[PDB]
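File shown: coords_37.txt. Contents: compact mmCIF, N, CA and C atoms and all ligand atoms.
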# COMPACT_ATOMS: atom_id res chain seq x y z
N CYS O 1 -19.15 -72.92 -29.33
CA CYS O 1 -19.12 -73.92 -30.39
C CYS O 1 -18.86 -75.27 -29.75
N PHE O 2 -19.72 -76.24 -30.05
CA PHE O 2 -19.70 -77.56 -29.40
C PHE O 2 -19.90 -77.33 -27.91
N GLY O 3 -19.06 -77.87 -27.04
CA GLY O 3 -19.18 -77.61 -25.62
C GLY O 3 -18.27 -76.49 -25.14
N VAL O 4 -17.18 -76.27 -25.88
CA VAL O 4 -16.20 -75.28 -25.46
C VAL O 4 -16.67 -73.87 -25.84
N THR O 5 -16.42 -72.92 -24.94
CA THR O 5 -16.74 -71.52 -25.16
C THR O 5 -15.47 -70.78 -25.56
N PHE O 6 -15.60 -69.87 -26.53
CA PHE O 6 -14.48 -69.09 -27.04
C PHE O 6 -14.60 -67.66 -26.55
N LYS O 7 -13.48 -67.07 -26.13
CA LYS O 7 -13.44 -65.70 -25.66
C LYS O 7 -12.52 -64.87 -26.54
N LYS O 8 -12.84 -63.58 -26.65
CA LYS O 8 -12.09 -62.69 -27.52
C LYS O 8 -10.68 -62.47 -26.99
N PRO O 9 -9.71 -62.25 -27.88
CA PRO O 9 -8.37 -61.87 -27.42
C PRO O 9 -8.40 -60.51 -26.74
N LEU O 10 -7.51 -60.32 -25.78
CA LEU O 10 -7.45 -59.10 -25.00
C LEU O 10 -6.36 -58.19 -25.55
N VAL O 11 -6.69 -56.91 -25.73
CA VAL O 11 -5.70 -55.93 -26.16
C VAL O 11 -4.86 -55.51 -24.96
N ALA O 12 -3.61 -55.15 -25.21
CA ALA O 12 -2.65 -54.84 -24.16
C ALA O 12 -2.14 -53.42 -24.33
N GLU O 13 -2.02 -52.70 -23.22
CA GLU O 13 -1.41 -51.38 -23.25
C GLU O 13 0.06 -51.50 -23.62
N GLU O 14 0.51 -50.66 -24.55
CA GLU O 14 1.86 -50.82 -25.08
C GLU O 14 2.92 -50.41 -24.07
N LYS O 15 2.72 -49.28 -23.38
CA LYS O 15 3.72 -48.74 -22.47
C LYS O 15 3.08 -48.40 -21.13
N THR O 16 3.92 -48.38 -20.10
CA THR O 16 3.53 -47.92 -18.77
C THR O 16 4.59 -46.95 -18.28
N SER O 17 4.19 -46.02 -17.42
CA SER O 17 5.11 -45.05 -16.84
C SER O 17 5.03 -45.14 -15.32
N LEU O 18 6.18 -45.14 -14.66
CA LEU O 18 6.26 -45.29 -13.21
C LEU O 18 6.53 -43.95 -12.55
N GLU O 19 5.61 -43.53 -11.68
CA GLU O 19 5.74 -42.27 -10.94
C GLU O 19 5.49 -42.57 -9.47
N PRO O 20 6.51 -43.02 -8.73
CA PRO O 20 6.26 -43.44 -7.35
C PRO O 20 5.92 -42.26 -6.44
N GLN O 21 5.16 -42.56 -5.39
CA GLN O 21 4.84 -41.56 -4.37
C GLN O 21 6.03 -41.35 -3.43
N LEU O 22 6.26 -40.10 -3.06
CA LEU O 22 7.39 -39.74 -2.22
C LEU O 22 6.90 -39.10 -0.93
N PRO O 23 7.53 -39.38 0.21
CA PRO O 23 7.12 -38.73 1.46
C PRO O 23 7.41 -37.24 1.43
N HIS O 24 6.59 -36.47 2.14
CA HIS O 24 6.73 -35.03 2.23
C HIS O 24 7.23 -34.67 3.63
N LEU O 25 8.49 -34.24 3.73
CA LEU O 25 9.05 -33.90 5.03
C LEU O 25 8.54 -32.55 5.52
N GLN O 26 8.32 -31.61 4.60
CA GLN O 26 7.80 -30.28 4.92
C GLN O 26 8.72 -29.53 5.89
N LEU O 27 10.01 -29.48 5.55
CA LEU O 27 10.95 -28.70 6.35
C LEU O 27 10.67 -27.21 6.18
N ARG O 28 10.93 -26.44 7.24
CA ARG O 28 10.57 -25.03 7.26
C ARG O 28 11.76 -24.09 7.15
N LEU O 29 12.97 -24.54 7.49
CA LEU O 29 14.15 -23.68 7.34
C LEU O 29 14.39 -23.29 5.88
N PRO O 30 14.31 -24.21 4.91
CA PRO O 30 14.42 -23.79 3.51
C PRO O 30 13.34 -22.79 3.15
N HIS O 31 13.55 -22.14 2.00
CA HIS O 31 12.75 -20.99 1.54
C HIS O 31 12.49 -19.99 2.67
N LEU O 32 13.53 -19.66 3.43
CA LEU O 32 13.51 -18.58 4.40
C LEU O 32 14.63 -17.57 4.14
N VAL O 33 15.02 -17.40 2.88
CA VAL O 33 16.15 -16.55 2.54
C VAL O 33 15.84 -15.09 2.84
N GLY O 34 14.56 -14.71 2.76
CA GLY O 34 14.19 -13.33 3.00
C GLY O 34 14.57 -12.84 4.39
N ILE O 35 14.48 -13.72 5.39
CA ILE O 35 14.87 -13.33 6.74
C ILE O 35 16.37 -13.06 6.81
N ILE O 36 17.17 -13.88 6.13
CA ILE O 36 18.61 -13.63 6.08
C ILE O 36 18.90 -12.31 5.39
N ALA O 37 18.20 -12.03 4.29
CA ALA O 37 18.39 -10.76 3.60
C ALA O 37 18.03 -9.58 4.50
N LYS O 38 16.96 -9.71 5.28
CA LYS O 38 16.60 -8.67 6.23
C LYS O 38 17.68 -8.51 7.30
N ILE O 39 18.28 -9.62 7.73
CA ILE O 39 19.37 -9.54 8.71
C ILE O 39 20.56 -8.79 8.13
N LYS O 40 20.81 -8.96 6.83
CA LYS O 40 21.96 -8.30 6.21
C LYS O 40 21.87 -6.78 6.33
N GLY O 41 20.69 -6.22 6.10
CA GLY O 41 20.52 -4.77 6.13
C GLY O 41 20.03 -4.20 7.45
N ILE O 42 20.83 -4.33 8.51
CA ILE O 42 20.42 -3.77 9.80
C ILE O 42 20.49 -2.25 9.78
N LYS O 43 21.60 -1.69 9.29
CA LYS O 43 21.75 -0.25 9.07
C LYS O 43 21.56 0.55 10.36
N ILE O 44 22.48 0.35 11.31
CA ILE O 44 22.46 1.15 12.53
C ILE O 44 23.08 2.51 12.27
N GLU O 45 22.39 3.56 12.70
CA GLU O 45 22.82 4.94 12.48
C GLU O 45 23.35 5.53 13.78
N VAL O 46 24.57 6.04 13.75
CA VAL O 46 25.20 6.70 14.89
C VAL O 46 25.72 8.06 14.44
N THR O 47 25.33 9.10 15.17
CA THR O 47 25.73 10.47 14.87
C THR O 47 26.79 10.91 15.87
N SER O 48 27.86 11.52 15.37
CA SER O 48 28.94 11.97 16.24
C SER O 48 28.46 13.05 17.19
N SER O 49 28.80 12.89 18.47
CA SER O 49 28.42 13.84 19.51
C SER O 49 29.62 14.70 19.87
N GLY O 50 29.44 16.01 19.78
CA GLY O 50 30.53 16.95 19.99
C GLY O 50 30.97 17.68 18.74
N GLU O 51 30.76 17.09 17.56
CA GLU O 51 31.03 17.82 16.32
C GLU O 51 30.07 19.00 16.17
N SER O 52 28.81 18.81 16.56
CA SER O 52 27.83 19.88 16.45
C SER O 52 28.06 20.96 17.51
N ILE O 53 28.56 20.57 18.68
CA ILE O 53 28.69 21.51 19.79
C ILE O 53 30.11 22.06 19.83
N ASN Z 1 30.37 45.78 26.90
CA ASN Z 1 31.70 45.36 27.33
C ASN Z 1 31.80 45.33 28.85
N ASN Z 2 30.66 45.19 29.52
CA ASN Z 2 30.66 45.08 30.97
C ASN Z 2 31.35 43.79 31.40
N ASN Z 3 32.08 43.86 32.52
CA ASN Z 3 32.85 42.71 32.97
C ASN Z 3 31.95 41.52 33.30
N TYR Z 4 30.73 41.79 33.76
CA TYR Z 4 29.80 40.70 34.03
C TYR Z 4 29.12 40.23 32.75
N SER Z 5 28.90 41.15 31.80
CA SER Z 5 28.16 40.85 30.58
C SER Z 5 28.86 39.83 29.69
N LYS Z 6 30.15 40.02 29.41
CA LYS Z 6 30.83 39.05 28.56
C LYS Z 6 31.12 37.76 29.32
N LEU Z 7 30.77 37.72 30.61
CA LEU Z 7 30.77 36.47 31.34
C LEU Z 7 29.40 35.80 31.28
N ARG Z 8 28.34 36.60 31.38
CA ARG Z 8 26.99 36.07 31.24
C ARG Z 8 26.79 35.47 29.85
N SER Z 9 27.36 36.10 28.83
CA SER Z 9 27.24 35.57 27.48
C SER Z 9 27.91 34.20 27.34
N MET Z 10 29.08 34.02 27.96
CA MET Z 10 29.74 32.72 27.91
C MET Z 10 28.98 31.69 28.74
N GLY Z 11 28.38 32.13 29.85
CA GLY Z 11 27.52 31.24 30.61
C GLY Z 11 26.33 30.76 29.80
N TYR Z 12 25.83 31.62 28.91
CA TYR Z 12 24.76 31.19 28.00
C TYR Z 12 25.21 30.03 27.12
N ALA Z 13 26.41 30.12 26.54
CA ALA Z 13 26.86 29.10 25.61
C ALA Z 13 27.29 27.83 26.33
N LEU Z 14 27.70 27.95 27.59
CA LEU Z 14 28.26 26.79 28.27
C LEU Z 14 27.17 25.78 28.78
N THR Z 15 25.91 25.85 28.36
CA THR Z 15 24.89 24.90 28.78
C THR Z 15 24.16 24.23 27.63
N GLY Z 16 23.98 24.92 26.50
CA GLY Z 16 23.38 24.28 25.34
C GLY Z 16 24.23 23.13 24.83
N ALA Z 17 25.55 23.25 24.96
CA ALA Z 17 26.43 22.15 24.58
C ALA Z 17 26.15 20.91 25.41
N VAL Z 18 25.99 21.08 26.73
CA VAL Z 18 25.69 19.94 27.60
C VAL Z 18 24.34 19.34 27.24
N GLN Z 19 23.33 20.19 27.02
CA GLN Z 19 22.00 19.69 26.69
C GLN Z 19 22.02 18.89 25.39
N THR Z 20 22.63 19.44 24.35
CA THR Z 20 22.68 18.76 23.06
C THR Z 20 23.51 17.48 23.14
N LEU Z 21 24.60 17.50 23.92
CA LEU Z 21 25.40 16.29 24.09
C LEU Z 21 24.58 15.19 24.74
N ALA Z 22 23.80 15.53 25.77
CA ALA Z 22 22.93 14.54 26.39
C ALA Z 22 21.91 14.00 25.39
N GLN Z 23 21.33 14.88 24.58
CA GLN Z 23 20.33 14.43 23.60
C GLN Z 23 20.94 13.46 22.59
N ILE Z 24 22.13 13.80 22.07
CA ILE Z 24 22.77 12.93 21.08
C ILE Z 24 23.17 11.60 21.71
N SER Z 25 23.63 11.63 22.96
CA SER Z 25 23.97 10.38 23.64
C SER Z 25 22.75 9.48 23.78
N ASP Z 26 21.61 10.07 24.16
CA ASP Z 26 20.39 9.27 24.28
C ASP Z 26 19.97 8.70 22.93
N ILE Z 27 20.06 9.50 21.87
CA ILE Z 27 19.69 9.02 20.54
C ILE Z 27 20.57 7.84 20.13
N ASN Z 28 21.88 7.96 20.33
CA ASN Z 28 22.79 6.88 19.95
C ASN Z 28 22.50 5.61 20.75
N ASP Z 29 22.30 5.75 22.06
CA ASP Z 29 22.04 4.57 22.89
C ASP Z 29 20.75 3.88 22.47
N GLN Z 30 19.70 4.66 22.21
CA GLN Z 30 18.43 4.07 21.80
C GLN Z 30 18.55 3.36 20.46
N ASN Z 31 19.28 3.97 19.51
CA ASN Z 31 19.47 3.32 18.22
C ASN Z 31 20.22 2.01 18.36
N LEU Z 32 21.27 1.99 19.18
CA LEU Z 32 22.01 0.75 19.40
C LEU Z 32 21.13 -0.33 20.01
N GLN Z 33 20.32 0.04 21.01
CA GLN Z 33 19.44 -0.94 21.64
C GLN Z 33 18.43 -1.49 20.65
N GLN Z 34 17.84 -0.63 19.82
CA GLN Z 34 16.88 -1.10 18.83
C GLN Z 34 17.53 -2.05 17.83
N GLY Z 35 18.74 -1.73 17.39
CA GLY Z 35 19.44 -2.63 16.48
C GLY Z 35 19.70 -3.99 17.10
N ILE Z 36 20.14 -4.00 18.37
CA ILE Z 36 20.39 -5.27 19.05
C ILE Z 36 19.10 -6.08 19.16
N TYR Z 37 17.99 -5.42 19.50
CA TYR Z 37 16.73 -6.14 19.64
C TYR Z 37 16.27 -6.73 18.31
N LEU Z 38 16.39 -5.96 17.22
CA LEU Z 38 16.02 -6.48 15.91
C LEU Z 38 16.87 -7.69 15.54
N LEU Z 39 18.18 -7.60 15.79
CA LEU Z 39 19.07 -8.72 15.48
C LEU Z 39 18.69 -9.96 16.27
N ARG Z 40 18.42 -9.81 17.57
CA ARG Z 40 18.09 -10.99 18.37
C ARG Z 40 16.76 -11.60 17.95
N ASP Z 41 15.78 -10.76 17.59
CA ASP Z 41 14.50 -11.29 17.13
C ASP Z 41 14.67 -12.11 15.86
N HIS Z 42 15.40 -11.57 14.89
CA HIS Z 42 15.62 -12.31 13.65
C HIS Z 42 16.40 -13.59 13.90
N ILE Z 43 17.39 -13.54 14.80
CA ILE Z 43 18.19 -14.72 15.10
C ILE Z 43 17.33 -15.81 15.72
N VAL Z 44 16.44 -15.45 16.65
CA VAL Z 44 15.56 -16.44 17.27
C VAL Z 44 14.64 -17.07 16.23
N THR Z 45 14.07 -16.23 15.35
CA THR Z 45 13.18 -16.75 14.32
C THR Z 45 13.90 -17.73 13.41
N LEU Z 46 15.14 -17.41 13.01
CA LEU Z 46 15.91 -18.34 12.19
C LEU Z 46 16.31 -19.58 12.97
N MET Z 47 16.54 -19.44 14.28
CA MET Z 47 17.04 -20.54 15.09
C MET Z 47 15.99 -21.61 15.34
N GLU Z 48 14.72 -21.23 15.46
CA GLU Z 48 13.68 -22.23 15.74
C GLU Z 48 13.52 -23.24 14.60
N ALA Z 49 13.52 -22.77 13.36
CA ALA Z 49 13.20 -23.61 12.21
C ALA Z 49 14.23 -24.72 12.01
N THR Z 50 15.51 -24.40 12.17
CA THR Z 50 16.54 -25.43 11.98
C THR Z 50 16.45 -26.50 13.05
N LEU Z 51 16.11 -26.12 14.29
CA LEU Z 51 15.91 -27.11 15.34
C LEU Z 51 14.76 -28.04 15.00
N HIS Z 52 13.64 -27.47 14.55
CA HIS Z 52 12.49 -28.31 14.18
C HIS Z 52 12.83 -29.25 13.03
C1 LIG O 101 7.77 -29.92 -3.78
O1 LIG O 101 7.30 -28.58 -3.67
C2 LIG O 101 5.89 -28.46 -3.95
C3 LIG O 101 5.57 -26.98 -3.90
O2 LIG O 101 5.96 -26.41 -2.65
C4 LIG O 101 5.08 -29.28 -2.96
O3 LIG O 101 3.72 -29.26 -3.37
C5 LIG O 101 2.86 -28.83 -2.29
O4 LIG O 101 2.54 -29.92 -1.42
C6 LIG O 101 1.69 -29.55 -0.32
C7 LIG O 101 1.52 -30.78 0.54
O5 LIG O 101 0.81 -31.80 -0.14
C8 LIG O 101 0.36 -29.01 -0.85
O6 LIG O 101 -0.44 -28.58 0.24
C9 LIG O 101 0.61 -27.85 -1.80
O7 LIG O 101 -0.62 -27.43 -2.39
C10 LIG O 101 1.58 -28.27 -2.90
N1 LIG O 101 1.87 -27.14 -3.78
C11 LIG O 101 1.95 -27.26 -5.11
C12 LIG O 101 2.25 -25.99 -5.86
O8 LIG O 101 1.78 -28.33 -5.68
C13 LIG O 101 5.57 -30.73 -2.92
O9 LIG O 101 4.94 -31.42 -1.85
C14 LIG O 101 7.08 -30.79 -2.74
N2 LIG O 101 7.55 -32.16 -2.82
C15 LIG O 101 8.01 -32.84 -1.76
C16 LIG O 101 8.45 -34.25 -2.03
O10 LIG O 101 8.08 -32.34 -0.64
What does the file become when written as C-alpha cells?
Amino acid sequence: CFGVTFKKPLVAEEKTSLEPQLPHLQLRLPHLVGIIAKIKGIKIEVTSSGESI
Amino acid sequence: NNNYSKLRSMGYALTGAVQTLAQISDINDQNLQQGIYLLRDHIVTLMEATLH
C-alpha cells in the first residue's frame, strides 16, 4: 500500500522444553552383578578321607 | 583257621584302605585347585573393569 509493504504477523510457539545432550562415559564395571553372584556360589566339595576306610 | 590264612586275610584288607585313601586325597586336592582357579579367574575379570 503506497510505497510501504506490509507483512503478516508471526505466530509464536507457546512453550519450549529443554533436553540437553549428556556425555556417555560407558563404564563397564556397573551392571556386572552377575559375576559377583557367581563368585558367591563357589561350592567347594571336600569328602572326609578315612571315614570310609 | 590256618595260621597263615587269617594273616593272608588281614593282608588283603591292609591295602584297599591305602588305595582308597590315595584316591580320596587326589580328589580333594583336585577340587581345591579347581576352586582356586575359578576364584582367580573371576577376580581377574572383575579387576580389569574397575581399572578401565
Ligand atoms: C543410559 O542407559 C541407556 C541404556 O543402556 C543408554 O542408551 C544406550 O546408549 C548406547 C550408546 O549411544 C546405544 O548404543 C544403545 O542403543 C542405547 N540403548 C538404549 C536402550 O537406548 C544411555 O546411553 C545411558 N545414558 C548415559 C548418559 O550414559
Inset, instruction - Step by step, measure atom-to-atom distances between ligand LIG 101 (chain O) and each residue using only C-alpha atoms and all ligand atoms, keep those at most 7 Å, then write them as a VMD selection string. - result: chain O and resid 22 to 26
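As for atom CA of residue 35 of chain O and atom CA of residue 51 of chain Z, they are spaced 16.3 Å apart.
Atom CA of residue 28 of chain O sits 25.8 Å away from atom CA of residue 35 of chain Z.
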Go through chain O and flag each residue having an atom no more than 8 Å from chain Z; for those, report the closest pair of atoms plus their distance in Å to one decimal, using only N, CA and C atoms, ordered by chain and rising number, as a Markdown table.
| residue | atom | partner | partner_atom | distance |
| --- | --- | --- | --- | --- |
| O:27 | CA | Z:52 | C | 7.0 |
| O:28 | C | Z:49 | CA | 5.3 |
| O:29 | N | Z:49 | C | 4.7 |
| O:30 | N | Z:49 | C | 7.1 |
| O:35 | C | Z:42 | CA | 6.9 |
| O:36 | N | Z:46 | CA | 7.6 |
| O:38 | C | Z:42 | CA | 7.7 |
| O:39 | CA | Z:42 | CA | 6.8 |
| O:42 | C | Z:35 | CA | 6.8 |
| O:43 | C | Z:35 | CA | 7.2 |
| O:44 | CA | Z:35 | CA | 6.2 |
| O:45 | N | Z:31 | CA | 6.2 |
| O:46 | CA | Z:28 | CA | 5.6 |
| O:47 | N | Z:28 | CA | 5.9 |
| O:48 | C | Z:24 | CA | 6.9 |
| O:49 | CA | Z:24 | CA | 5.9 |
| O:50 | N | Z:21 | CA | 5.9 |
| O:52 | C | Z:17 | CA | 7.4 |
| O:53 | CA | Z:17 | CA | 5.3 |
Go ahead and dump the residues you just picked, N, CA and C atoms, as a compact mmCIF listing (two decimals), keeping the file's coordinate frame.
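Listing of out.txt after writing:
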# COMPACT_ATOMS: atom_id res chain seq x y z
N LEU O 27 10.01 -29.48 5.55
CA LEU O 27 10.95 -28.70 6.35
C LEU O 27 10.67 -27.21 6.18
N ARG O 28 10.93 -26.44 7.24
CA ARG O 28 10.57 -25.03 7.26
C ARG O 28 11.76 -24.09 7.15
N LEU O 29 12.97 -24.54 7.49
CA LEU O 29 14.15 -23.68 7.34
C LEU O 29 14.39 -23.29 5.88
N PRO O 30 14.31 -24.21 4.91
CA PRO O 30 14.42 -23.79 3.51
C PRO O 30 13.34 -22.79 3.15
N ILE O 35 14.48 -13.72 5.39
CA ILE O 35 14.87 -13.33 6.74
C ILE O 35 16.37 -13.06 6.81
N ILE O 36 17.17 -13.88 6.13
CA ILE O 36 18.61 -13.63 6.08
C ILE O 36 18.90 -12.31 5.39
N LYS O 38 16.96 -9.71 5.28
CA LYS O 38 16.60 -8.67 6.23
C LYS O 38 17.68 -8.51 7.30
N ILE O 39 18.28 -9.62 7.73
CA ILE O 39 19.37 -9.54 8.71
C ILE O 39 20.56 -8.79 8.13
N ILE O 42 20.83 -4.33 8.51
CA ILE O 42 20.42 -3.77 9.80
C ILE O 42 20.49 -2.25 9.78
N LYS O 43 21.60 -1.69 9.29
CA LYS O 43 21.75 -0.25 9.07
C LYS O 43 21.56 0.55 10.36
N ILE O 44 22.48 0.35 11.31
CA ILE O 44 22.46 1.15 12.53
C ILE O 44 23.08 2.51 12.27
N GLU O 45 22.39 3.56 12.70
CA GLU O 45 22.82 4.94 12.48
C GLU O 45 23.35 5.53 13.78
N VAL O 46 24.57 6.04 13.75
CA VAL O 46 25.20 6.70 14.89
C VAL O 46 25.72 8.06 14.44
N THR O 47 25.33 9.10 15.17
CA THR O 47 25.73 10.47 14.87
C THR O 47 26.79 10.91 15.87
N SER O 48 27.86 11.52 15.37
CA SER O 48 28.94 11.97 16.24
C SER O 48 28.46 13.05 17.19
N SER O 49 28.80 12.89 18.47
CA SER O 49 28.42 13.84 19.51
C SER O 49 29.62 14.70 19.87
N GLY O 50 29.44 16.01 19.78
CA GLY O 50 30.53 16.95 19.99
C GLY O 50 30.97 17.68 18.74
N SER O 52 28.81 18.81 16.56
CA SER O 52 27.83 19.88 16.45
C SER O 52 28.06 20.96 17.51
N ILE O 53 28.56 20.57 18.68
CA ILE O 53 28.69 21.51 19.79
C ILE O 53 30.11 22.06 19.83
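When atom CA of residue 19 of chain O is paired with atom C of residue 31 of chain O, their separation reads 27.0 Å.
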Extending 8 Å beyond the listed atoms of segment 33-50 of chain Z on each side, what axis-aligned box results? I want centre and edge lengths in Å to one decimal, as AutoDock Vina command-line options.
--center_x 16.8 --center_y -13.2 --center_z 16.8 --size_x 23.2 --size_y 42.5 --size_z 25.7
